[PDB]
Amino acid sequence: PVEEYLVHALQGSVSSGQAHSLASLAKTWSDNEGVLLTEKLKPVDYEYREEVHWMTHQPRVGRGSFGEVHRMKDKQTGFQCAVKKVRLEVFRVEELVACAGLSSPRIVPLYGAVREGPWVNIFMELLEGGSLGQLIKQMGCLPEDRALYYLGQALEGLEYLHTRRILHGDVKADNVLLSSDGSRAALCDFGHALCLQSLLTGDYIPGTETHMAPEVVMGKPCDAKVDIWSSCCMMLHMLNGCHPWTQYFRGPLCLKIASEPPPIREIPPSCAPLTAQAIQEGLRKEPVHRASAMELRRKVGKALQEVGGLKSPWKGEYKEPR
């Protein structure tokens, strides 16, 4: 009833507010409007405009797949954080409906979103350790204890997302962000997310092909289990230093994903038996037989105990990939 009235109050200005307001407004995104969720990102006279009220840091340094994530400062408060830029014409409402209102240590905090012309600017906490995707490139591949340790947190955030019937859509190293000392890991980027009740309908952008579950490829119906397949492709990447499939096959990868057996051949043979068995359970081609988020987190927490807890230095020494 009053619903439609509240949306109208939000349109056309930028305000301090709360996640439910941000999602109300975000649903209308298919001049300068938006809601900021934290006291250190403040609008000025109904506006929040890039280079006026917030500046990107220095010569531009991008950091996502598309170089669309930047460091930024709020000009008035001096606060710093991260912007992801999204083209308004391709903006998926779920990128903010599916994550506004969340609160979880395993999930990157959302600071707001402001539309400004053709840009949806999405603001979040800046985590200084960078992405697990970078960590892997820097260090070659990760010690088994570290890889399990991060995989467990990733599954911890997938637990949170899943029992709220949210599917992240693109679990992968590039979307886990590490704290400054490397001890805390959090999921970012909901641009592939999907609220729950085939994936190949609607505003659907597909996720990273190498981490793509077999049901996702063959068109079949999809539930939270596709995240688990991905997290284990991520695991292999952490261990081997490269994505599954990229070695053995050259052509259109999604064809091999549906015909071939799950890529457990790529599990390092020096992994303790419970590492290997857990990677296998989250890589069952049929989502019914595949482990859930809660099962695999438990299973991985114990695999971590079996190899003596986490002992490797966070930025230890380089390790040659496969």
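From 1 onward, residues are counted along the sequence shown. For the two forms, the rigid core is made up of the largest set of C-alpha atoms that agree within 1.5 Å on superposition.
- Averaged over structures and residues, the CA distance from the shown form in 9 other deposited structures of this protein after a core fit is larger for 241-249, of the two stretches 218-226 and 241-249.
- Fitting each structure in 9 other deposited structures of this protein onto the rigid core and averaging C-alpha distances over structures and residues, 96-104 emerges as the more displaced of 82-90 and 96-104.
- In the comparison with other entries of the same protein, residue 109 is given coordinates in all of those covering both sides of it, so it never reaches the one-third threshold.
- Among other deposited entries of this protein with both flanking residues present, at least a third omit coordinates for residue 202.
- Where coordinates are absent for parts of the deposited sequence, a chain break appears; between neighbours residue 280 and residue 281 there is no such break.
- According to the entry, the stretch of the deposited sequence that connects residue 197 to residue 198 contains 4 to 9 residues lacking coordinates, which leaves a gap of moderate length in the model.
- Of the two segments, 289-297 and 253-261, the one listed with the higher mean B-factor is 253-261 (C-alpha atoms only).
- If you average the C-alpha B-factors over 9-17 and over 309-317, the higher value belongs to 309-317.
- When the Cα B-factors of 137, 168, 85, 115 are read from the PDB record, 137 comes out highest.
- Based on the entry's C-alpha B-factors, the most elevated value among 266, 45, 33, 68 belongs to 266.
- Looking at the C-alpha B-factors along this chain, the one for residue 227 belongs to the lowest third.
- Per the PDB record, residue ranking by Cα B-factor puts residue 175 in the lowest third of the chain.
- Among all modelled residues in its chain, residue 120 ranks in the lowest third by Cα B-factor.
- Residue-level temperature factors show residue 237 in the lowest third of its chain, judged at the C-alpha atom.
- Sort the chain's modelled residues by C-alpha temperature factor and residue 94 lands in the middle third, per the entry.
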